[PDB]
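K.L.:
Have a peek at data-v4.tsv (TSV, C-alpha atoms).
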```
chain	number	residue	atom	x	y	z
D	4	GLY	CA	-5.91	-36.07	19.86
D	5	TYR	CA	-2.44	-34.51	19.50
D	6	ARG	CA	-1.53	-36.71	22.26
D	7	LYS	CA	-1.72	-39.70	20.29
D	8	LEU	CA	0.48	-38.04	17.66
D	9	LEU	CA	3.78	-39.91	17.31
D	10	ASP	CA	7.09	-38.04	17.45
D	11	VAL	CA	8.67	-36.99	14.17
D	12	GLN	CA	12.26	-37.94	14.33
D	13	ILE	CA	14.62	-35.80	12.20
D	14	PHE	CA	17.99	-37.22	13.28
D	15	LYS	CA	18.91	-40.19	15.40
D	16	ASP	CA	22.02	-42.06	14.32
D	17	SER	CA	22.47	-41.87	10.55
D	18	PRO	CA	23.03	-39.47	7.59
D	19	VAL	CA	19.97	-37.36	6.93
D	20	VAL	CA	18.60	-36.80	3.42
D	21	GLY	CA	18.64	-33.11	2.47
D	22	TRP	CA	21.03	-30.42	1.24
D	23	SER	CA	23.63	-28.34	3.07
D	24	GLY	CA	25.97	-25.86	1.41
D	25	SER	CA	27.64	-22.44	1.28
D	26	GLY	CA	29.04	-19.92	-1.19
D	27	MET	CA	32.71	-20.86	-0.79
D	28	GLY	CA	32.49	-24.21	0.98
D	29	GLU	CA	32.68	-22.74	4.48
D	30	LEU	CA	30.20	-25.29	5.79
D	31	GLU	CA	31.61	-28.79	6.22
D	32	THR	CA	29.53	-31.32	4.22
D	33	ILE	CA	29.65	-34.78	2.64
D	34	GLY	CA	27.31	-35.94	-0.13
D	35	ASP	CA	25.89	-32.42	0.16
D	36	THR	CA	24.55	-33.04	3.64
D	37	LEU	CA	25.72	-32.86	7.26
D	38	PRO	CA	28.41	-35.32	8.33
D	39	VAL	CA	27.65	-37.81	11.12
D	40	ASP	CA	30.20	-37.70	13.92
D	41	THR	CA	30.99	-41.15	15.27
D	42	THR	CA	33.63	-39.90	17.70
D	43	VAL	CA	31.67	-37.27	19.64
D	44	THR	CA	28.64	-39.18	20.88
D	45	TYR	CA	25.60	-38.80	23.09
D	46	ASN	CA	24.03	-41.71	24.93
D	47	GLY	CA	26.38	-43.86	22.90
D	48	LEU	CA	24.79	-42.66	19.65
D	49	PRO	CA	26.62	-40.67	16.97
D	50	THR	CA	25.85	-36.99	16.56
D	51	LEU	CA	25.12	-34.59	13.71
D	52	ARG	CA	27.99	-32.12	13.14
D	53	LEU	CA	27.29	-28.55	11.98
D	54	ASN	CA	30.80	-27.35	11.17
D	55	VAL	CA	31.52	-23.91	9.72
D	56	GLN	CA	35.31	-24.20	9.35
D	57	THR	CA	36.42	-20.84	7.97
D	58	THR	CA	35.11	-17.32	8.42
D	59	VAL	CA	32.02	-17.14	6.22
D	60	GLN	CA	32.49	-14.37	3.63
D	61	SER	CA	30.67	-15.86	0.74
D	62	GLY	CA	27.85	-14.28	2.65
D	63	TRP	CA	25.99	-17.53	3.48
D	64	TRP	CA	25.54	-21.20	4.36
D	65	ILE	CA	22.45	-23.30	4.89
D	66	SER	CA	21.53	-26.78	6.06
D	67	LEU	CA	18.24	-28.42	5.07
D	68	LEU	CA	17.17	-31.60	6.87
D	69	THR	CA	14.11	-33.22	5.30
D	70	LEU	CA	11.30	-34.75	7.35
D	71	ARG	CA	10.03	-36.92	4.49
D	72	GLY	CA	12.78	-36.98	1.86
D	73	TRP	CA	11.54	-33.69	0.36
D	74	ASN	CA	7.81	-34.52	0.41
D	75	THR	CA	5.63	-32.32	2.59
D	76	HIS	CA	4.59	-33.42	6.08
D	77	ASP	CA	1.45	-32.44	7.96
D	78	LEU	CA	2.54	-30.83	11.26
D	79	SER	CA	-0.51	-28.54	11.81
D	80	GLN	CA	-1.71	-30.65	14.69
D	81	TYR	CA	1.73	-30.36	16.49
D	82	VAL	CA	1.81	-26.53	16.51
D	83	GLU	CA	-0.36	-25.45	19.48
D	84	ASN	CA	1.49	-27.76	22.08
D	85	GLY	CA	4.48	-29.31	20.23
D	86	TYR	CA	8.21	-28.58	20.30
D	87	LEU	CA	11.36	-29.07	18.27
D	88	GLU	CA	13.67	-30.87	20.63
D	89	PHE	CA	17.32	-31.84	20.43
D	90	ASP	CA	20.51	-31.94	22.48
D	91	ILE	CA	23.45	-29.77	21.55
D	92	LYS	CA	26.94	-28.75	22.68
D	93	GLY	CA	29.46	-26.36	21.13
D	94	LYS	CA	33.24	-26.65	20.51
D	95	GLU	CA	33.61	-23.59	22.78
D	96	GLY	CA	30.47	-22.22	23.61
D	97	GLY	CA	28.17	-19.35	22.73
D	98	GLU	CA	27.79	-20.60	19.15
D	99	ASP	CA	24.72	-19.12	17.48
D	100	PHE	CA	22.89	-19.47	14.16
D	101	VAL	CA	19.45	-19.39	12.53
D	102	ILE	CA	17.08	-22.32	13.04
D	103	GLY	CA	13.55	-22.89	11.70
D	104	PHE	CA	11.35	-24.74	9.19
D	105	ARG	CA	10.49	-24.47	5.48
D	106	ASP	CA	7.32	-25.49	3.72
D	107	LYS	CA	6.31	-26.11	0.13
D	108	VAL	CA	3.01	-25.02	-1.39
D	109	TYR	CA	2.84	-25.36	-5.16
D	110	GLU	CA	-0.37	-23.32	-5.41
D	111	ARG	CA	1.31	-20.19	-3.74
D	112	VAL	CA	2.62	-18.70	-7.02
D	113	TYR	CA	4.27	-15.72	-5.32
D	114	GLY	CA	6.56	-18.10	-3.37
D	115	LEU	CA	6.57	-21.89	-3.64
D	116	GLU	CA	8.59	-22.22	-0.38
D	117	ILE	CA	8.50	-20.15	2.83
D	118	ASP	CA	10.65	-20.36	5.97
D	119	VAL	CA	9.87	-19.54	9.62
D	120	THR	CA	12.96	-18.82	11.69
D	121	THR	CA	14.50	-17.72	14.98
D	122	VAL	CA	17.96	-17.72	16.53
D	123	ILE	CA	18.91	-20.68	18.67
D	124	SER	CA	20.38	-18.31	21.32
D	125	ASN	CA	16.76	-17.38	22.17
D	126	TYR	CA	16.24	-20.84	23.59
D	127	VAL	CA	19.68	-21.87	24.84
D	128	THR	CA	23.19	-20.67	25.56
D	129	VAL	CA	25.41	-23.30	23.99
D	130	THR	CA	28.27	-24.53	26.19
D	131	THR	CA	30.89	-27.23	25.89
D	132	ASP	CA	28.56	-29.59	27.76
D	133	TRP	CA	25.44	-31.25	26.40
D	134	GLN	CA	22.13	-29.45	26.88
D	135	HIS	CA	18.63	-30.49	25.92
D	136	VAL	CA	16.72	-27.63	24.31
D	137	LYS	CA	13.05	-27.31	23.39
D	138	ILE	CA	11.94	-24.80	20.75
D	139	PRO	CA	8.00	-24.49	20.65
D	140	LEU	CA	6.53	-24.71	17.49
D	141	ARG	CA	3.77	-22.12	18.12
D	142	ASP	CA	6.65	-19.62	18.44
D	143	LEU	CA	7.74	-20.25	14.80
D	144	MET	CA	4.76	-21.51	12.97
D	145	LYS	CA	2.26	-18.88	14.06
D	146	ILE	CA	1.93	-17.47	10.43
D	147	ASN	CA	-0.03	-14.51	8.83
D	148	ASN	CA	2.83	-14.15	6.45
D	149	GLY	CA	2.16	-17.31	4.31
D	150	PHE	CA	3.85	-20.30	6.07
D	151	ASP	CA	1.73	-23.49	5.88
D	152	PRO	CA	2.42	-25.92	8.78
D	153	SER	CA	0.46	-28.62	6.96
D	154	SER	CA	3.10	-28.62	4.17
D	155	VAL	CA	6.47	-28.70	5.95
D	156	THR	CA	9.47	-30.22	4.18
D	157	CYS	CA	12.56	-29.38	6.16
D	158	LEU	CA	14.16	-28.15	9.15
D	159	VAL	CA	16.68	-25.42	8.63
D	160	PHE	CA	19.98	-24.22	10.04
D	161	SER	CA	21.45	-21.04	8.61
D	162	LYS	CA	24.11	-18.36	8.95
D	163	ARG	CA	23.69	-15.80	11.72
D	164	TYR	CA	27.18	-14.30	12.05
D	165	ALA	CA	30.24	-14.91	9.84
D	166	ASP	CA	32.24	-16.44	12.67
D	167	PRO	CA	33.37	-20.04	12.10
D	168	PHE	CA	32.05	-22.56	14.65
D	169	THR	CA	31.12	-26.14	15.50
D	170	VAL	CA	28.21	-27.75	17.32
D	171	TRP	CA	26.89	-31.29	17.55
D	172	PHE	CA	23.23	-32.30	17.58
D	173	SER	CA	21.59	-35.39	19.02
D	174	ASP	CA	18.08	-36.84	19.09
D	175	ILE	CA	16.51	-34.17	16.87
D	176	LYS	CA	12.72	-34.52	16.72
D	177	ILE	CA	9.25	-33.00	16.77
D	178	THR	CA	6.96	-33.66	19.74
D	179	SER	CA	3.18	-33.00	19.88
D	180	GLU	CA	2.90	-32.28	23.56
D	181	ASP	CA	5.21	-31.70	26.31
D	182	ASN	CA	7.25	-34.24	28.26
D	183	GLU	CA	9.94	-34.84	30.80
D	184	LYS	CA	11.50	-37.94	29.47
D	185	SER	CA	12.06	-40.63	31.76
D	186	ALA	CA	13.19	-43.97	32.38
D	187	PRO	CA	11.98	-47.20	33.83
D	188	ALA	CA	11.99	-48.05	37.34
D	189	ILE	CA	14.45	-50.69	36.62
D	190	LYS	CA	18.12	-51.80	37.02
D	191	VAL	CA	20.70	-51.96	34.25
D	192	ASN	CA	20.71	-55.80	34.87
D	193	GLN	CA	16.90	-56.19	34.90
D	194	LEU	CA	16.70	-59.00	32.67
D	195	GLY	CA	19.85	-60.62	34.44
D	196	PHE	CA	21.99	-59.86	31.47
D	197	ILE	CA	22.59	-56.46	30.00
D	198	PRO	CA	22.02	-55.82	26.28
Q	8	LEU	CA	20.66	-9.88	-29.44
Q	9	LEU	CA	16.86	-9.63	-29.49
Q	10	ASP	CA	15.22	-7.39	-26.90
Q	11	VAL	CA	13.02	-8.93	-24.23
Q	12	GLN	CA	10.19	-6.46	-23.69
Q	13	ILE	CA	8.64	-6.81	-20.23
Q	14	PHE	CA	6.28	-3.83	-20.16
Q	15	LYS	CA	5.24	-1.60	-23.05
Q	16	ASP	CA	1.54	-0.71	-23.10
Q	17	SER	CA	-0.56	-3.36	-21.35
Q	18	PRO	CA	-1.14	-5.41	-18.15
Q	19	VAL	CA	1.57	-7.93	-17.36
Q	20	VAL	CA	0.72	-11.48	-16.37
Q	21	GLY	CA	2.15	-12.29	-12.96
Q	22	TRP	CA	1.39	-11.79	-9.30
Q	23	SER	CA	1.59	-8.63	-7.20
Q	24	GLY	CA	0.22	-8.37	-3.69
Q	25	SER	CA	0.95	-7.66	-0.04
Q	26	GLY	CA	0.15	-8.80	3.47
Q	27	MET	CA	-2.77	-6.41	3.85
Q	28	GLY	CA	-3.56	-4.86	0.48
Q	29	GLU	CA	-1.15	-1.89	0.87
Q	30	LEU	CA	-0.02	-2.38	-2.63
Q	31	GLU	CA	-2.53	-1.20	-5.20
Q	32	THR	CA	-3.39	-4.09	-7.52
Q	33	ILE	CA	-6.12	-5.36	-9.78
Q	34	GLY	CA	-6.47	-8.94	-10.92
Q	35	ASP	CA	-3.45	-9.47	-8.66
Q	36	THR	CA	-1.06	-7.50	-10.90
Q	37	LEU	CA	0.10	-3.89	-11.23
Q	38	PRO	CA	-2.40	-1.31	-12.65
Q	39	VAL	CA	-1.64	0.22	-16.04
Q	40	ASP	CA	-1.93	4.00	-15.72
Q	41	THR	CA	-3.38	5.62	-18.81
Q	42	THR	CA	-3.45	9.24	-17.71
Q	43	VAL	CA	0.39	9.07	-17.10
Q	44	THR	CA	1.92	8.52	-20.35
Q	45	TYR	CA	5.28	8.84	-21.78
Q	46	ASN	CA	6.56	8.57	-25.33
Q	47	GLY	CA	2.85	8.14	-26.38
Q	48	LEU	CA	2.54	4.90	-24.40
Q	49	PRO	CA	0.71	4.22	-21.09
Q	50	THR	CA	2.74	3.55	-17.94
Q	51	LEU	CA	2.96	0.85	-15.24
Q	52	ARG	CA	2.10	2.11	-11.80
Q	53	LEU	CA	3.73	0.72	-8.70
Q	54	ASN	CA	1.82	2.18	-5.81
Q	55	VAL	CA	1.99	1.13	-2.05
Q	56	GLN	CA	-0.80	3.31	-0.71
Q	57	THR	CA	-0.06	3.22	3.10
Q	58	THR	CA	2.82	2.60	5.50
Q	59	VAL	CA	2.82	-1.14	5.04
Q	60	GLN	CA	3.08	-3.34	8.12
Q	61	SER	CA	2.07	-6.73	6.91
Q	62	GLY	CA	5.76	-7.11	6.56
Q	63	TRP	CA	5.58	-7.18	2.77
Q	64	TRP	CA	4.57	-6.16	-0.73
Q	65	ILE	CA	5.84	-7.75	-3.93
Q	66	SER	CA	5.37	-7.56	-7.68
Q	67	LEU	CA	6.24	-10.42	-10.01
Q	68	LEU	CA	6.21	-9.51	-13.68
Q	69	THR	CA	6.58	-12.63	-15.79
Q	70	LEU	CA	8.79	-12.51	-18.88
Q	71	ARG	CA	7.00	-15.45	-20.50
Q	72	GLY	CA	3.74	-15.87	-18.60
Q	73	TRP	CA	5.43	-18.00	-15.90
Q	74	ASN	CA	7.51	-20.13	-18.28
Q	75	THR	CA	11.27	-19.91	-17.69
Q	76	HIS	CA	13.19	-17.73	-20.13
Q	77	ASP	CA	16.79	-18.22	-21.28
Q	78	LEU	CA	18.79	-15.03	-20.53
Q	79	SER	CA	22.25	-16.58	-20.36
Q	80	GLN	CA	23.58	-14.84	-23.50
Q	81	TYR	CA	22.47	-11.54	-21.91
Q	82	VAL	CA	24.49	-11.64	-18.69
Q	83	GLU	CA	27.77	-10.30	-20.14
Q	84	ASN	CA	26.62	-7.14	-21.91
Q	85	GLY	CA	22.92	-7.17	-21.19
Q	86	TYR	CA	21.03	-4.54	-19.33
Q	87	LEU	CA	17.71	-4.10	-17.83
Q	88	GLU	CA	16.34	-0.77	-18.97
Q	89	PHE	CA	13.35	1.32	-18.32
Q	90	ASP	CA	12.28	4.89	-17.66
Q	91	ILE	CA	10.99	5.95	-14.25
Q	92	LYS	CA	9.64	8.95	-12.33
Q	93	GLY	CA	8.03	9.32	-8.88
Q	94	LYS	CA	5.15	11.16	-7.28
Q	95	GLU	CA	7.25	12.99	-4.74
Q	96	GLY	CA	10.89	11.77	-5.27
Q	97	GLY	CA	13.74	9.71	-3.71
Q	98	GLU	CA	11.55	6.60	-3.95
Q	99	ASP	CA	13.49	3.39	-3.40
Q	100	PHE	CA	12.68	-0.32	-3.43
Q	101	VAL	CA	14.09	-3.71	-4.34
Q	102	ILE	CA	14.44	-4.72	-7.99
Q	103	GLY	CA	15.70	-7.98	-9.45
Q	104	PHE	CA	14.97	-11.36	-11.03
Q	105	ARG	CA	13.52	-14.68	-9.94
Q	106	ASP	CA	14.18	-18.08	-11.49
Q	107	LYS	CA	12.54	-21.49	-11.25
Q	108	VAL	CA	14.39	-24.84	-11.26
Q	109	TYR	CA	12.35	-27.81	-10.03
Q	110	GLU	CA	15.21	-30.17	-9.58
Q	111	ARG	CA	17.31	-27.68	-7.42
Q	112	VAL	CA	16.13	-28.94	-4.00
Q	113	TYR	CA	17.82	-26.33	-1.82
Q	114	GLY	CA	15.59	-23.61	-3.31
Q	115	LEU	CA	13.14	-24.03	-6.20
Q	116	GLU	CA	13.10	-20.28	-6.83
Q	117	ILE	CA	16.01	-17.91	-6.22
Q	118	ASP	CA	16.03	-14.10	-6.39
Q	119	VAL	CA	19.02	-11.96	-7.43
Q	120	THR	CA	18.40	-8.33	-6.48
Q	121	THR	CA	19.59	-4.78	-5.84
Q	122	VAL	CA	18.01	-1.42	-4.98
Q	123	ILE	CA	17.32	1.34	-7.53
Q	124	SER	CA	19.02	3.92	-5.32
Q	125	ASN	CA	22.26	2.21	-6.39
Q	126	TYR	CA	21.54	3.00	-10.02
Q	127	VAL	CA	19.55	6.25	-9.92
Q	128	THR	CA	17.93	8.88	-7.73
Q	129	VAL	CA	14.20	8.92	-8.50
Q	130	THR	CA	12.92	12.34	-9.49
Q	131	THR	CA	9.59	13.64	-10.26
Q	132	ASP	CA	10.67	13.81	-13.93
Q	133	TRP	CA	11.21	10.88	-16.48
Q	134	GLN	CA	14.50	9.18	-16.20
Q	135	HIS	CA	16.12	6.30	-17.93
Q	136	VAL	CA	18.09	3.75	-15.92
Q	137	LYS	CA	20.22	0.83	-17.10
Q	138	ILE	CA	21.17	-1.94	-14.70
Q	139	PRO	CA	23.81	-4.39	-15.97
Q	140	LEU	CA	22.68	-8.00	-15.72
Q	141	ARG	CA	26.26	-8.89	-14.74
Q	142	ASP	CA	25.69	-6.88	-11.54
Q	143	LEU	CA	23.03	-9.42	-10.51
Q	144	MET	CA	23.27	-12.79	-12.27
Q	145	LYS	CA	26.94	-13.49	-11.61
Q	146	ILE	CA	26.87	-15.64	-8.46
Q	147	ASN	CA	27.75	-18.93	-6.78
Q	148	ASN	CA	24.16	-18.76	-5.59
Q	149	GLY	CA	22.73	-21.54	-7.70
Q	150	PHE	CA	20.68	-18.87	-9.48
Q	151	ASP	CA	20.18	-20.02	-13.07
Q	152	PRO	CA	20.04	-17.19	-15.68
Q	153	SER	CA	18.75	-19.63	-18.28
Q	154	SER	CA	15.68	-20.31	-16.10
Q	155	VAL	CA	14.47	-16.79	-15.33
Q	156	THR	CA	10.70	-16.35	-14.93
Q	157	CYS	CA	10.05	-12.94	-13.46
Q	158	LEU	CA	11.08	-9.47	-12.92
Q	159	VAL	CA	10.81	-8.47	-9.23
Q	160	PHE	CA	9.86	-5.32	-7.38
Q	161	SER	CA	9.66	-5.59	-3.61
Q	162	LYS	CA	9.51	-3.73	-0.31
Q	163	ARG	CA	12.61	-1.92	0.94
Q	164	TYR	CA	11.15	0.47	3.51
Q	165	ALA	CA	7.62	0.45	4.96
Q	166	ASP	CA	6.95	3.93	3.56
Q	167	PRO	CA	4.15	4.23	0.97
Q	168	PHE	CA	5.03	5.74	-2.40
Q	169	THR	CA	4.19	5.90	-6.09
Q	170	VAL	CA	6.29	5.48	-9.21
Q	171	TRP	CA	5.55	4.88	-12.88
Q	172	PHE	CA	7.66	2.76	-15.20
Q	173	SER	CA	7.85	2.89	-18.95
Q	174	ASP	CA	9.32	0.73	-21.70
Q	175	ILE	CA	10.74	-1.90	-19.34
Q	176	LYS	CA	12.93	-4.37	-21.21
Q	177	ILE	CA	16.12	-6.44	-21.43
Q	178	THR	CA	18.72	-5.44	-24.03
Q	179	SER	CA	22.28	-6.48	-24.89
Q	180	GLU	CA	25.53	-5.31	-26.51
```
Mind turning the file's structure into C-alpha cells?

P.N.:
Amino acid sequence: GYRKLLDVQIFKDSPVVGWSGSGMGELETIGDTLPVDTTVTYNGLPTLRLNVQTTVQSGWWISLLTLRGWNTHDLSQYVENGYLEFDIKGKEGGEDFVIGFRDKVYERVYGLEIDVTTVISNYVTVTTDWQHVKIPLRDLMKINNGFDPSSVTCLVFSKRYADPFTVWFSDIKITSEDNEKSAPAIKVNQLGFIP
Amino acid sequence: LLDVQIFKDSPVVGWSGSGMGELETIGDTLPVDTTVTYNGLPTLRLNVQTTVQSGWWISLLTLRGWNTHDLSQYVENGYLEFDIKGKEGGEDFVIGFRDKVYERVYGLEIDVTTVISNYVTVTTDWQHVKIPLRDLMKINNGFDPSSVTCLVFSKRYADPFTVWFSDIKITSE
C-alpha cells in the first residue's frame, strides 16, 4: 500500500519554509532560510543553495527544511522501502556535511525533538557536475533511540567540518518505493508545438 | 539575590532514564539515598549500574516542576553549587541546563553544558564545587536563560559509576 503513497516534495522551485542559521552568520541565508539560486539551474528549474561562506568557527550552522510548515508528517509507511532523493553538485567537489531528519513528539518529556543523521559522503561523492543521490530512509529512521517517523517535521543539513563550501540542491523529495525515473516515449514536438 | 534550591532533602520532579535501564531510577527520577548523608541531610544518588550501551542515560531535574524559571539576573555572578563525592573516584559526566521556548522553531529546547572534570576531580570524600553560570549561559546559541526548566546530568563515557550530590542550588553575588 506504500506504493500508492505519493511523493513528499521538500524543494522544487521556490523558497522553503523553515529556519537556517549559524553562530556568526557563516551560513548564507535570507529570511532565515536557504536562498533560491535562479542562475545555477537544473532541468531549467532554480536550485536550493547551501552556502557556508567563511570558515565556521562559531562552532555550528544548521538548515531546517519543513515538510508541513512545522507540523508533523506521518512518514512511517515510507521507511521500509522509501528514499530521500535529490540532485546535487558542489562548487569544487568533495563537499560534505550532516544530513537527516527531525521529529517532534510533545509527550516525550525528556526530549521534545529528536534527529536522525548521517553524512552525505556516505551516499555520494559530490563533484562539480550534477548527480542524483538516494538516501534510504530505513538507514536513518531505524530507531531504538527515540526517533518517531510518524511525527517528522523537517529535513536537516548541518555542520560536519569547519571548511567553507557551496552546493546546490534540486528536486528534493521523499519516495515510498524505488524508481528509475523515466520519460515518455515521445518527441519534444509531440503535440506539434512545444510548451 | 535569592537562592534557587534544586535538591536538598527529597525527590526531585523531572525525568531520568536511559536506553536500557542502566541508570538506576524510581518513578523515572533519581533515587534519594538516606544511608548517605551529609550535613544531616539525605543525598541524591546518580548511579549508572552497568557499562551502558543504549547510547544514553540522562537526568532532568526541574527547577520549577517543568515550568520555565527566570535566571537572567544570575548569569553574571551566579553559580551553580553543590557538594559531591564518588564511590570509587575520578567520576565524570555532563552537567548543564535545558530551556524551553515554544516559539523558537529551530530548537524548542536547548542545552548549555560542560563536564565536571573541568571544575573538580571527584574523590571519595565530600567536595564542594561552584560552576559559574557565565561559563555556560553566555552564547549566541539562542539559549534563553530566562526560560530555564531543568538541571541536566548526562552520559559522558559508557562506564558505570556512582556519585552522591548534596545541597544542589543556584546562588549569586

K.L.:
I need the contact residues of chain Q against chain D, so if you could list those with any atom within 9 Å, counting all atoms listed in the file, and return them as an MDAnalysis selection string, that would help.

P.N.:
chainID Q and resid 21:24 26 61:63 65:67 112:116 146:148

K.L.:
Calculate how many Å separate CA of residue 98 (chain D) from CA of residue 81 (chain D), rounding to one decimal.

P.N.:
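Rounded to one decimal, the two atoms are 28.0 Å apart.
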
K.L.:
Find the distance between CA of residue 102 (chain Q) and CA of residue 57 (chain Q) and write it in Å to one decimal.

P.N.:
19.9 Å

K.L.:
Using all atoms listed in the file, determine which residues lie at most 6 Å from residue 13 (chain D), disregarding the query and same-chain residues fewer than 4 positions distant; provide the list as a list in words.

P.N.:
residues 70, 175 and 176 of chain D

K.L.:
One decimal, in Å: what's the spacing between CA of residue 68 (chain Q) and CA of residue 12 (chain Q)?

P.N.:
11.2 Å

K.L.:
Which polymer residues have any atom within 9 Å of an atom of residue 75 (chain Q), counting only C-alpha atoms, with same-chain residues fewer than 4 positions away left out, as a PDB file with C-alpha atoms, keeping the file's coordinate frame?

P.N.:
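This went into selection-v4.pdb:
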```pdb
ATOM      1  CA  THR Q  69       6.580 -12.630 -15.790  1.00  0.00           C
ATOM      2  CA  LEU Q  70       8.790 -12.510 -18.880  1.00  0.00           C
ATOM      3  CA  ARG Q  71       7.000 -15.450 -20.500  1.00  0.00           C
ATOM      4  CA  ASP Q 106      14.180 -18.080 -11.490  1.00  0.00           C
ATOM      5  CA  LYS Q 107      12.540 -21.490 -11.250  1.00  0.00           C
ATOM      6  CA  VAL Q 108      14.390 -24.840 -11.260  1.00  0.00           C
ATOM      7  CA  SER Q 153      18.750 -19.630 -18.280  1.00  0.00           C
ATOM      8  CA  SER Q 154      15.680 -20.310 -16.100  1.00  0.00           C
ATOM      9  CA  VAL Q 155      14.470 -16.790 -15.330  1.00  0.00           C
ATOM     10  CA  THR Q 156      10.700 -16.350 -14.930  1.00  0.00           C
ATOM     11  CA  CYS Q 157      10.050 -12.940 -13.460  1.00  0.00           C
TER      12      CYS Q 157
END
```

K.L.:
Would you mind listing what lies within 10 Å of region 77-93 of chain Q as an NGL selection string, with only C-alpha atoms counted and same-chain residues fewer than 6 positions away left out?

P.N.:
:Q and (8-15 or 45 or 50-54 or 99 or 103 or 127-145 or 151-156 or 158 or 168-180)

K.L.:
Keeping only C-alpha atoms, write the selected residues to a file as an mmCIF file, in the frame of the given file.

P.N.:
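Heads up, here's the output in out30.cif:
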```cif
data_model
loop_
_atom_site.group_PDB
_atom_site.id
_atom_site.type_symbol
_atom_site.label_atom_id
_atom_site.label_comp_id
_atom_site.auth_asym_id
_atom_site.auth_seq_id
_atom_site.Cartn_x
_atom_site.Cartn_y
_atom_site.Cartn_z
ATOM 1 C CA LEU Q 8 20.660 -9.880 -29.440
ATOM 2 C CA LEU Q 9 16.860 -9.630 -29.490
ATOM 3 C CA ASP Q 10 15.220 -7.390 -26.900
ATOM 4 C CA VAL Q 11 13.020 -8.930 -24.230
ATOM 5 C CA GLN Q 12 10.190 -6.460 -23.690
ATOM 6 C CA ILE Q 13 8.640 -6.810 -20.230
ATOM 7 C CA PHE Q 14 6.280 -3.830 -20.160
ATOM 8 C CA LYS Q 15 5.240 -1.600 -23.050
ATOM 9 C CA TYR Q 45 5.280 8.840 -21.780
ATOM 10 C CA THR Q 50 2.740 3.550 -17.940
ATOM 11 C CA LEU Q 51 2.960 0.850 -15.240
ATOM 12 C CA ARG Q 52 2.100 2.110 -11.800
ATOM 13 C CA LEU Q 53 3.730 0.720 -8.700
ATOM 14 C CA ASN Q 54 1.820 2.180 -5.810
ATOM 15 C CA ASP Q 99 13.490 3.390 -3.400
ATOM 16 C CA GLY Q 103 15.700 -7.980 -9.450
ATOM 17 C CA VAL Q 127 19.550 6.250 -9.920
ATOM 18 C CA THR Q 128 17.930 8.880 -7.730
ATOM 19 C CA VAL Q 129 14.200 8.920 -8.500
ATOM 20 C CA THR Q 130 12.920 12.340 -9.490
ATOM 21 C CA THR Q 131 9.590 13.640 -10.260
ATOM 22 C CA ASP Q 132 10.670 13.810 -13.930
ATOM 23 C CA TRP Q 133 11.210 10.880 -16.480
ATOM 24 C CA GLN Q 134 14.500 9.180 -16.200
ATOM 25 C CA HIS Q 135 16.120 6.300 -17.930
ATOM 26 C CA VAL Q 136 18.090 3.750 -15.920
ATOM 27 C CA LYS Q 137 20.220 0.830 -17.100
ATOM 28 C CA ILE Q 138 21.170 -1.940 -14.700
ATOM 29 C CA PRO Q 139 23.810 -4.390 -15.970
ATOM 30 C CA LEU Q 140 22.680 -8.000 -15.720
ATOM 31 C CA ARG Q 141 26.260 -8.890 -14.740
ATOM 32 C CA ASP Q 142 25.690 -6.880 -11.540
ATOM 33 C CA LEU Q 143 23.030 -9.420 -10.510
ATOM 34 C CA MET Q 144 23.270 -12.790 -12.270
ATOM 35 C CA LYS Q 145 26.940 -13.490 -11.610
ATOM 36 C CA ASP Q 151 20.180 -20.020 -13.070
ATOM 37 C CA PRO Q 152 20.040 -17.190 -15.680
ATOM 38 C CA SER Q 153 18.750 -19.630 -18.280
ATOM 39 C CA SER Q 154 15.680 -20.310 -16.100
ATOM 40 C CA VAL Q 155 14.470 -16.790 -15.330
ATOM 41 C CA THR Q 156 10.700 -16.350 -14.930
ATOM 42 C CA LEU Q 158 11.080 -9.470 -12.920
ATOM 43 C CA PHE Q 168 5.030 5.740 -2.400
ATOM 44 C CA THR Q 169 4.190 5.900 -6.090
ATOM 45 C CA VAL Q 170 6.290 5.480 -9.210
ATOM 46 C CA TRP Q 171 5.550 4.880 -12.880
ATOM 47 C CA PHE Q 172 7.660 2.760 -15.200
ATOM 48 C CA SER Q 173 7.850 2.890 -18.950
ATOM 49 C CA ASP Q 174 9.320 0.730 -21.700
ATOM 50 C CA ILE Q 175 10.740 -1.900 -19.340
ATOM 51 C CA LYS Q 176 12.930 -4.370 -21.210
ATOM 52 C CA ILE Q 177 16.120 -6.440 -21.430
ATOM 53 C CA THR Q 178 18.720 -5.440 -24.030
ATOM 54 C CA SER Q 179 22.280 -6.480 -24.890
ATOM 55 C CA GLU Q 180 25.530 -5.310 -26.510
#
```

K.L.:
So which residues touch residue 94 (chain D) within 9 Å, counting only C-alpha atoms, skipping near sequence neighbours fewer than 5 positions away, as a list in words?

P.N.:
residues 130, 131, 168, 169, 170 and 171 of chain D

K.L.:
For region 123-125 of chain D, please output as a list in words all residues within 6 Å (counting all atoms listed in the file; exclusion window: fewer than 2 positions along the same chain).

P.N.:
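My list of contacting residues is residues 99, 127 and 128 of chain D.
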
K.L.:
Can you work out which one of D:102, D:9, D:155, D:33 has the shortest atom-to-atom distance to residue 126 (chain D), counting only C-alpha atoms?

P.N.:
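Checking each candidate against residue 126 (chain D), we get D:102 as the closest.
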